[PDB]
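Structure, as structure tokens:
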Amino acid sequence: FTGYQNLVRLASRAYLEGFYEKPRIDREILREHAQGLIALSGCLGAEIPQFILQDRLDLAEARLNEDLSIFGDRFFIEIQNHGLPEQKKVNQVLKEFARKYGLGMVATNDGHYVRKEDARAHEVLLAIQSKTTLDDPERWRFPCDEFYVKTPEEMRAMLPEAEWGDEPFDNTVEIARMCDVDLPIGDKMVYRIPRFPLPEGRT
Amino acid sequence: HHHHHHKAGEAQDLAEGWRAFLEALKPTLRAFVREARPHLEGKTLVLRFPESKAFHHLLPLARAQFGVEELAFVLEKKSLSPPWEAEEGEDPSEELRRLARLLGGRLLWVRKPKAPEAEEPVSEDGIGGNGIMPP
Amino acid sequence: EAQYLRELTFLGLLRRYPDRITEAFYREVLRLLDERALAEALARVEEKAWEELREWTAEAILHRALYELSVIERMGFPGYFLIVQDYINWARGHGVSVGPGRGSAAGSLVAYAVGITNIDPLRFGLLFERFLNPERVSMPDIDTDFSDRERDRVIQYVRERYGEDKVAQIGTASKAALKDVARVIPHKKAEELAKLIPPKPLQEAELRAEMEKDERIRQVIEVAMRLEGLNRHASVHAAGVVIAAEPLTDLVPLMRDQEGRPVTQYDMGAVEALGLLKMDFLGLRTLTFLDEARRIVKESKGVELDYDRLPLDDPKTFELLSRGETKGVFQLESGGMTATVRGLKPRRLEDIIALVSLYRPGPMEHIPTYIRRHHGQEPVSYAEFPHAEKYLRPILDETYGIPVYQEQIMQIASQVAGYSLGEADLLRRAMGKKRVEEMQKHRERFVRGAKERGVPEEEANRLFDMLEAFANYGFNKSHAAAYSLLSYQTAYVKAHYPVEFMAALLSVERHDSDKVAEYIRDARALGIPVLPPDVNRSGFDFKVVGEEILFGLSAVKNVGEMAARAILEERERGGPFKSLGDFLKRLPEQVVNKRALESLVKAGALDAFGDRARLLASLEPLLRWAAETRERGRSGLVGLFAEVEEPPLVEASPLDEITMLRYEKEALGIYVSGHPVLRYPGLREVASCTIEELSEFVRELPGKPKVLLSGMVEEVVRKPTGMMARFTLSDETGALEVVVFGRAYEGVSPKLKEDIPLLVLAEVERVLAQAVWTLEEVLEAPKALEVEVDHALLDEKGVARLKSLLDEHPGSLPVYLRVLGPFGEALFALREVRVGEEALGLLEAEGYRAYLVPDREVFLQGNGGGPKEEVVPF
Amino acid sequence: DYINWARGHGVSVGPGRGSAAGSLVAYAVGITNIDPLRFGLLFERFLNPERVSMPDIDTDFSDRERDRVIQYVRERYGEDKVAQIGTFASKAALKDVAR
Amino acid sequence: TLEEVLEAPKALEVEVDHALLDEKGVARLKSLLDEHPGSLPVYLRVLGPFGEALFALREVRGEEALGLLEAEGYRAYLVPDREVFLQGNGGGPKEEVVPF
DNA sequence: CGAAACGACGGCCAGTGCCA
DNA sequence: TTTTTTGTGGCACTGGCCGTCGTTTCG
Ligand SMILES: [Mg+2]
Ligand SMILES: [Zn+2]
Ligand SMILES: [Zn+2]
């Protein structure tokens, strides 16, 4: 719940203060509101995996050091594999950071839709925000149709066993178990109700 | 921080100087450096506290940094740091006193008004006149 | 009405005597003719029955209880009882203390069982016949002690229970007649006229020759004797409360006092004479003290003090009274009384019962006899009454052969003369009344029953001489036993828990500034520290943290009651206060204003955060800062932007002890660490009469002597009628009302006011000053050598060692000797030897502690120095 | 407080809505402004004594002067403690998919 | 001496292991003790992390507790009371030699 | 016609004077 | 426990200190 409260601020800060194109935050305020948060390295659009694509291993390490200074043992290496050749580049070197510092890896898929058959349903939803025809071209597209809620068995197809192992899969269930976020509701849930002030001063 | 509270104006501005462990005024600092040390440690122990600062990078953790070299001051005492004193005046005293501490009172003294007393009462005039009374 | 009284007795006996009166034992009694069912069944019947069944065994407790109920029912007072314990058992249930009982009331086993009385009457020598005389129909007068605070609540209960119109409180000089008329204040000669009777009426009053001196006095005395009988006006009685059956308006006329309490127009004797039920609700302070004793002990160490289940033979409790530590021990605080207990060395509760009873002008002569018999250095003989011995011994062994209590004489009369214990009560009445020749009925009656029992009529008459002698000063055991229990409870809390006992004393009398000052110095000289208040650790009132007494937040002067609570409540929901900034940003000026903040710093409650002179300067700056932080937080924001964390504390030079302690006096009411006088200890040594030791030292001296005394001035007056300024000199041992009358000579001419020390020559009879000297007048005046030698030094060596070492260093300094003897600090100025101010250091080389103290003999005159020149160094 | 504030600072408050008008206390203090005992208005429908449920008091204001009354609450209780609630089709979905 | 100890006054006792939850005392224990009054004190041998402490709470006093008290890591002995072994009254030293 | 600011005030807490 | 020459209690009234209401003037 302390983490949930920090997420409530970080989200509120991003809109109220750091809003330009999207609602953005800082590593400075993340440092302030990192209490009770678990961090993952992120998708290809993230800080470390983008620095790796620029052939800049020196900046991604120091950026990993900056996040490792904030979250400590609450930081993790996010390893997600779709069809992308850029993920080969990234995941290979991410593995080295994971093995050097001893951070532990967590597997994910970055799903935007439920099943694989939604691929076109999602793709047309992109064309509605982009306001273009099915064959524009140059329309807001996603690189594939692999962005869905995959089966545990189906994850191994993307992440081979004699290469990754079981640590990405097992950590996924361990972190899910340890995320004990109970919002105050049910037999819980107290009333945050104000007093008012006072007369003068009486009951 | 208990010392940092005792702070009697300019009292602790010299206190931070006197039992030191600094580095010739200390680069980028500050006085005290013993304010940061317990922030690094995080009292009492406490496992999830002294790791924090070492992982980013009481006394042994403080010695583990650190701006040592210099070596100035020691105690806690050490120094640096018509009738009157007199004669003249050093110190050590050359007329009255002391069986010191009293020594120390003549070094903060100079100069050059007599009385007062200040702080205030009230024996520096008496010990002076009494010292003149035995020629 | 009589049956429900029986139920409550049978129910009561079970809980008061667990090991003896059990469910099993009650069933048995039913068989010879749920626990509550048995008491119910025993009530039903019946006198004829109970009668047939006709140390303290299980059968004896019943017979006693059965006999008292028989008497109470027959005389027609079961209803009177049921009313009494109802409001007492209500008081217990609603958090109101009830005493063990006063008067004869404690003698009844029924009263004890049910819950009126809370002392075992059959364990001690208490009698029901003393309480209610079975052979005479007279209403018993039950008086009950309560907590002085919660006394009105129990009267308020009665007013609601029995009706507002049927319940109300009862309504309530020669010297004044001469003065009070004249007053409508100085006299000055009018007091000398009324000092002739310090009062009995002028009807009698042999210095009446003053009348015929002046014609003014002729009338005034004759007029004053005519206005004596008036009883002043009307007012409320402390304990008096009446409960009539029918509305009071029907018989007794009423009033309402200034506090709105309903008051009877008749007095006690007039209300009783009409035959109305009267009750006395007394307000005791010991019960109030014992309430705070239980809460602090439970708060400190998690112990539930059950006063009614304490062991009566605790060794630490009695050996504490044996050491004369009766500082706050109930019924035992008097000077001579304290000395009497240390001599006696009490070991059982009966020693305190006898001591308290004997200690008063009359039976006090028997106390020394009691102590030697008690300590085991004088045989207890009854050789004067050999035949009567067997009856006297079991009665008098408890008190070592001394007829102390009234119950003993009743027992001695009943057993030896064969009287009924009811009519042995009547015999006590006759001996007190001293009826000319009526007690000669009791003499011959005693002799007849005496010799039938065995006494040969030579002893019988002399035995009666003994009784009538001790009957004059015979005290009631029931009352003494009950009140002695509260003394023992008080002593018990002190012995085992001395810190919280001392903190209780401070808590009870927290408003009186003189007592607090006394209680602190008693605690400081007993190993128990007494710290100032603290926002982090102090509670509302006095508190015991670990083994240290700690001042409350309410004790601070300018800090509000709401403020005291608000500060405390903020700390609980949040953490402990980390800094000054944290304090005043969490607690706005709204609640804790600047006036209260300043007084909190002066009191020392914020000492954890830093220096007081620095904190007092940092107030307004940080108040602006704290005001600005809210304005930012009251506009979205979060933290780093909303707060530039508290600046460094606004520098200031530290306070000197004079002004620091002066602020402490303003913050709380009295100084923190005793002092200041002893900061310059050269003068403390001189003290020819310490404030405490003044009475002890001055009385054994010539008629109205003179003596010099120092301390600290704490009062401002000047003149005129002249120069008549009343100042108060205060020491670490106390203070005195010093005049300031002789000064109009003129003149001592102080002009010193508060916060400066002085030395004062004065005459004593009250004290009357004559000459005065400030600190610099003392320090300049020619000094003298003073050695402080211990008792340990033999005379036939012969003490030539001290004389040899004083010979070698001649000069002109009087030598003083402080001999700490077995009892009293002696003062000894030497003889011929005058030191030359080199022998101080060379003497300290040996095992002696010398000083360069001011010469006492010099303090006089107004030249040579002089007083002008002694103001120059200051 | 804010209803009485509204009246004094030129903001017309409505006589009430929902079950709020049922309470005499509400009427007396001035939340609602219609005599509940004159008409057949009952308290027990507003607050059921035999059930601890928080009563929801809705108040009608002038549509011009409504933002002022909210502003009063923002200033009074704290800017960080006062905010308005957020509010998030079959035909629309068909057409957009048709495009 | 031993011969005194074995014949001396026998105060009640309950030995308690360091393992102790907050929701076990002091209501359940004091209730069992209050129901049986007597003339002997009770003690608490707390076998702590380092050293054997003794918290002799208060007059509580009954010989049925043993059965319910061993239903746990705690045991009840009738030892010669540690907090005594001082003073020179009440007993005393003579009446400790008498029953031997 | 509404807001802002000055001016007069109100309420509470604390001390201090005398009631059983 | 009651009487005396005394102290202390407990309550009531005044006064000094921080946020409130009303009128008035200017935008
Ligand atoms: Mg009575
Ligand atoms: Zn992404
Ligand atoms: Zn994503």
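Cross-linked pairs C:704/C:803; B:77/C:578; A:22/D:81; C:200/C:477; A:100/A:150: Cα-Cα separations exceed 28 Å for C:704/C:803; B:77/C:578; C:200/C:477; A:100/A:150. Inter-chain Cβ neighbour count for B:6-15, averaged per residue, equals 5 (cutoff 10 Å, partner chain atoms only). If you take the Cα centroid of segment C:673-716 and the Cα centroid of segment B:96-135, the two points sit 30 Å apart. Farthest towards the positive end of the charge dipole of segment B:38-135, among the residues B:100, B:83, B:40, is the Cα of B:40, using unit charges on the Cβ of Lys, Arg, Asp and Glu.
Across segment C:285-654, the mean sequence separation of Cα contacts (distance under 8 Å, 6 or more residues apart), normalised by length, yields a relative contact order of 14 percent.
Name the GluC sites (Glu not before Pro) in segment C:527-605 that are in a loop by DSSP and that have at most 14 other C-beta atoms within 10 Å, would you? Provide the component values of the computation, followed by the final result.
Details: sites: C:547, C:548, C:561, C:569, C:570, C:572, C:589, C:598; in loops: C:547, C:589.
Answer in residue order: C:547, C:589.
Under the simplified labelling scheme, the residue A:181-residue B:112 pair shows an inter-label distance of 7.7 nm, with each label point 7 Å from Cα along Cα→Cβ.
For segment B:1-76, with only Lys/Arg (+1) and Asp/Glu (-1) charged at the beta-carbon, what is the dipole magnitude about the Cα centre, in debye rounded to 20? Please report the intermediate quantities before stating the final value.
Working: 10 positive and 10 negative charges, 68 e Å.
Computed charge dipole of segment B:1-76: roughly 320 debye.
Tell me, how many Å apart are the Cα centres for segment C:150-201 and for segment A:3-17? After rounding, the separation between the Cα centres reads 74 Å. Among B:56, C:387, a tally of other beta-carbon atoms within 10 Å of each Cβ gives an order, fewest to most, of B:56, C:387.
Considering only C:217, C:271, C:231, the residue lying farthest towards the positive end of the dipole of segment C:164-281 is C:217, judged by Cα position with unit charges set on Cβ. Evaluating 6.51 cos²θ - 1.76 cosθ + 1.60 at θ = phi - 60° for every residue in segment C:108-124, the Karplus couplings come out as 6, 5, 5, 4, 5, 5, 6, x, 6, 9, 10, 9, 5, x, 8, 5, 8 Hz, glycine and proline recorded as x. State whether segment C:674-719 is rounded, prolate or oblate according to the following rule on the C-alpha gyration tensor (a ≥ b ≥ c being the square roots of its eigenvalues): a/c under 1.5 gives rounded; otherwise a/b larger than b/c gives prolate, and the remaining case gives oblate. Here segment C:674-719 falls in the oblate category. With an 8 Å Cα cut-off and a minimum separation of 6 or more residues, compute the relative contact order for segment C:620-697 in percent. Once divided by the residue count of segment C:620-697, the mean separation gives 15 percent.
Do the sum for chain C: with -39,500 (n - 2.57) for every DSSP H run of n ≥ 4, divided by all residues, what is the mean residue ellipticity at 222 nm, to the nearest 500 deg cm²/dmol?
Details: 37 runs with 378 residues, N = 874.
Result for chain C, helices only: -13000 deg cm²/dmol.
Taking every residue in C:309-317 and counting other chain Cβ atoms within 10 Å of its Cβ, the average works out to 2. Ranked by the mean number of other Cβ atoms within 10 Å of their residues, highest first, the peptides C:339-350, C:306-317 fall in the order C:339-350, C:306-317. Backbone amide hydrogens, once placed in the peptide plane, bring residue C:118 within less than 5 Å of C:101, excluding anything fewer than 5 places away on its chain.
Do any GluC sites (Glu not before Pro) in segment A:132-162 lie in a DSSP loop with no more than 13 other beta carbon atoms within 10 Å, and if so, which?
Numbers: sites: A:138, A:146, A:153, A:154, A:161; in loops: A:138, A:146, A:161.
Taking segment A:132-162 and a limit of 13 other Cβ atoms within 10 Å, the loop GluC sites (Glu not before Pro) found are A:138, A:161.
Look at the dipole of the protein assembly as shown built from charges on Cβ: of C:505, C:544, C:531, the Cα furthest out on the positive end belongs to C:505.
Placing pseudo-labels 7 Å out from each Cα toward the beta carbon at residue A:35 and residue E:35 gives an inter-label distance of 4.8 nm.
Taken residue by residue and averaged, Cβ atoms of other chains lying within 10 Å of the Cβ of C:649-655 number 4. Taking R0 as 22 Å, what FRET efficiency do you get between residue D:5 and residue A:202 from their Cβ-Cβ distance, rounded to the nearest 0.05? For residue D:5 and residue A:202, the calculated efficiency is 0.65. Straight Cα distances below 16 angstrom link residue A:116 to the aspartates and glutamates A:145, A:146, A:153, A:154, with same-chain residues fewer than 8 positions distant left out.
With charges only on Cβ, +1 for K and R and -1 for D and E, what is the dipole size of chain A about its Cα centre, in debye, rounded to 20? Provide the component values of the computation, followed by the final result.
Values: 27 positive and 36 negative charges, 158 e Å.
Using only the charged Cβ atoms, the result is roughly 760 debye.
Among the trypsin sites (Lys or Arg not before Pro) in segment A:31-116, those placed in a DSSP loop whose Cβ has at most 16 other Cβ atoms within 10 Å are A:56, A:115.
Using Cβ counts within 10 Å as a stand-in for footprinting exposure, how do C:804, C:673 rank, fewest first? The partial results should precede the final answer.
Details: C:804 9, C:673 16.
Least crowded to most crowded, the residues run C:804, C:673.
Under a Gaussian network description of chain A, with springs only between Cα atoms under 10 Å, the residue in A:181, A:90, A:190 that fluctuates furthest is A:190. Fewest neighbouring Cβ atoms within 10 Å first, the residues C:697, E:100 line up as E:100, C:697. Only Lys, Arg, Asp and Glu carry charge here, each on its Cβ (+1 for the first two, -1 for the last two); on that basis chain C has a dipole of about 1340 debye about its Cα centre. Relative to one another, the C-alpha centroids of segment C:1-62 and segment B:20-40 are positioned 83 Å apart.
Each reported figure results from applying straightforward, stated rules to the coordinates on display, with no laboratory input. FYI the Cβ positions are ideal-geometry reconstructions off the backbone, even for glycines, and counts take in every protein chain you see.
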